[PDB]
Structure formats: structure tokens, C-alpha cells
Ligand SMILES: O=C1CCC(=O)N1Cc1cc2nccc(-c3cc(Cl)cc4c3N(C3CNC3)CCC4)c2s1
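The form deposited without the named molecule is given below as one chain in C-alpha cells.
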């Protein structure tokens, strides 16, 4: 096991699930918080927080590939096409929603929003009359459009672009009646952990099957995002460091799923292809997954430069509470008696 990291078992069309599991396991600040969840009273079959702790503990200690059968059962995606019908951000939403709820009233409460929550302003500004509506919204990831864009920069430029509201799509200004208006979105804050979903998988009207766009789309190792802030901080620039590259190889519905990571944030990359984990070049993790063949990234994880050390803080064996280790060791001991 030259890498020091252990892989995950392939047990059905779980698809990206193993890529997401490794991506979250190496969000060290999240892993430590998951261990701390008060789970001793949970039922080892229905509880999703406990199943997530099991996978993370096995990923941290086992020399052999880690199984995920109890995880898949815990949140109930068990039909033939259950993972084909959803995408990675829904799975990530199902998981993170459960652990943040599990952290209520506990010492790691608010860890999910601290890591992933950003602040955003959506607006509608009337062009002929003085009226404006701003709604501040939270976001936990960003869906980036890639069709027609060459890189992450053009995808952000398109994200904050202004939309015209005229013709049939005039704005209902209420007292002012129908009005021509401008609609857009501004970024207030960017989170410590940036999850960017690249919109390569979409449905084409009038549809039957979902289509995957394999156009070339580039992303940098370092991503400066001060430009897209309404107001910047001299002591905390929005400089982001590429951490994970979730990759798909194959055609529209069918394909292989792999994740690349430099878990320490030191630019030393590894390929997490299911159970096999191996060192790879930086070029293979980033440049080779631009596309333009059928292998390319569909989700990216960036960590803010000033937050790298805390998000990726060290995780030892003593960061797992004793009651947790006793229960899982009891579980491994029970199954070993067959």
C-alpha cells in the first residue's frame, strides 16, 4: 500500500459514490466532526451518520478495500437505477444534511455551514422605474455551465452575467405593472471548501435519455475569485487551491468513475480508482481531465488558501471517540464469526 491511503469496494452502480466518499473523507475538518457525532444510541442499520462514521473509520485504519453496503442501505438508494436517477450533488446533499442535523446541540454544531456555506445576492432591477428586489441566499455549491465556455473563468463570468427581462418575459413590478428589468446574481462570500459541479450531464428536449457533454473545459490548480466578489478583503483574498477532481470516463449513461486528490494540499496527487489507489502526475489529475476522448471532470473541489491548514488538519487515531471504536471493533468482531 505505497500511497498510505486505502480504496473502496465496487458493489453495484454506486457510481460516483466512492469518489464522493473519498472526497469527504479527505475533508479532514469534516471527518473529525463526523467522528464526534453522538451516535452511540443509533441503530446500526437505519442511521446514516453511523454508517458514514463506519466508512471513514475503515478508510483511516483498514489495509483492505472498504465496503459500503451498510451505507447504501442507510439512506435507501437500493433500486436498479437509484444512482442513475440522481447526480453527485444530491448524494452529497443527502449525506451532509444528515450529519449536520446529527451535530445539533453538540460541540461541532455548524461544521457543515462553516465549511461549505457561501453568501450570495440575487437581484431584479427595473430599467425604466425605480424599483429593486434583493434576496440574500445561502449556497453550498455552484453549478457551472460549461457548454460554450473554455475555462472556469468564463463559467463564472457567465454565472454573474446580467439577464434581460423584456418582451414576453417582462418583470411583474406589482404597483409599477409590467417592467423591463435586469436579473442577475452577485457573490457576497465564498466558502472555505468550494464544490463546483460542472454541468456536463443534462437532458435534451424532447427527451428520453440524458446526454453528456465531452467538450474541452479547463480548470486551474490555483483559482483567484476576488473578481467575482462584490467587495474583497485585503487580508483574505479569494485564492483557491484545487483539492479533488471527480472524473468520468465513458458515454452518455454508461461509464467509469474515478477521483483524483492531493489530500494534503501539497500538489502530490493520487488516483482513487475504486479499490486501487496509486500515485499519479499532476498532469494526469488536472490537464488530462480537461476533455476534448471521453474522460473529463464533472465536479471540482477547491479549498481557500488561507483555510487550507485548518480544513486539512491532521487526523489521528485519538480523534475517534472511544465509544465509537468499541462499537465498530465489536461489529468487525461479530462479522468475523461466520
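Positions refer to the first chain, counted from 1. We call the rigid core whatever largest set of C-alpha positions still superposes within 1.5 Å between the two forms.
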Across other compared entries, residue 130 missing in at least a third: no
Residue 205 unmodelled in at least a third of other compared entries: yes
Continuity check for residue 292 and residue 293, given as deposited residues lacking coordinates between them: 4 to 9
Between 208-216 and 240-248 (mean CA B-factor, as deposited), the higher: 208-216
Per the entry, higher mean C-alpha B factor between 43-51 and 30-38: 43-51
Out of 254, 118, 110, 267, residue topping the C-alpha B-factor column of the entry: 254
From 154, 226, 128, 221, residue of greatest CA B-factor: 128
Relative C-alpha B-factor of residue 148, binned into the chain's lowest, middle or highest third: middle
Chain-wide C-alpha B factor ranking for residue 192, given as lowest, middle or highest third: lowest
Third of the chain's Cα B-factor distribution that residue 316 belongs to, per the entry: middle
Position of residue 17 among the chain's modelled residues by C-alpha B-factor, lowest, middle or highest third: middle
B-factor third for the C-alpha atom of residue 284 within its chain: middle
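We do not show the form deposited with the named molecule bound, though everything after this point is about it.
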Shown form pocket vs the named molecule in the entry with it bound, superposition, backbone/C-beta distance 2.4 Å: blocked
Region of this chain that lies against the named molecule in the entry with it bound, out of 84-92, 119-127, 260-268, 230-238 [heavy atom, 4.5 Å]: 84-92
Partner contact for residue 16 in the entry with it bound: the named molecule, 4.5 angstroms, heavy atom: yes
The named molecule contact at residue 143 in the entry with it bound, heavy atom, 4.5 Å: yes
Contact test in the entry with it bound: residue 166 vs the named molecule, heavy atoms, 4.5 Å: no
Residue 79 within 4.5 Å of the named molecule in the entry with it bound, heavy atoms: no
Position in contact with the named molecule when the complex is considered in the entry with it bound, options 252, 222, 133, 106, heavy atoms within 4.5 Å: 252
Selected contact from 173, 188, 160, 199, since only one has a non-hydrogen atom within 4.5 angstroms of the named molecule in the entry with it bound: 199
Only residue that shifts (Cα, 2 Å or more, rigid core superposed) between the shown form and the other one, among 106, 207, 249, 143: 207
Direction of Cα pair change residue 209-residue 91 in the entry with it bound, magnitude 3 angstroms or more: farther
Cα distance between residue 151 and residue 207, which in the entry with it bound differs by 3 Å or more from this form, closer or farther: closer
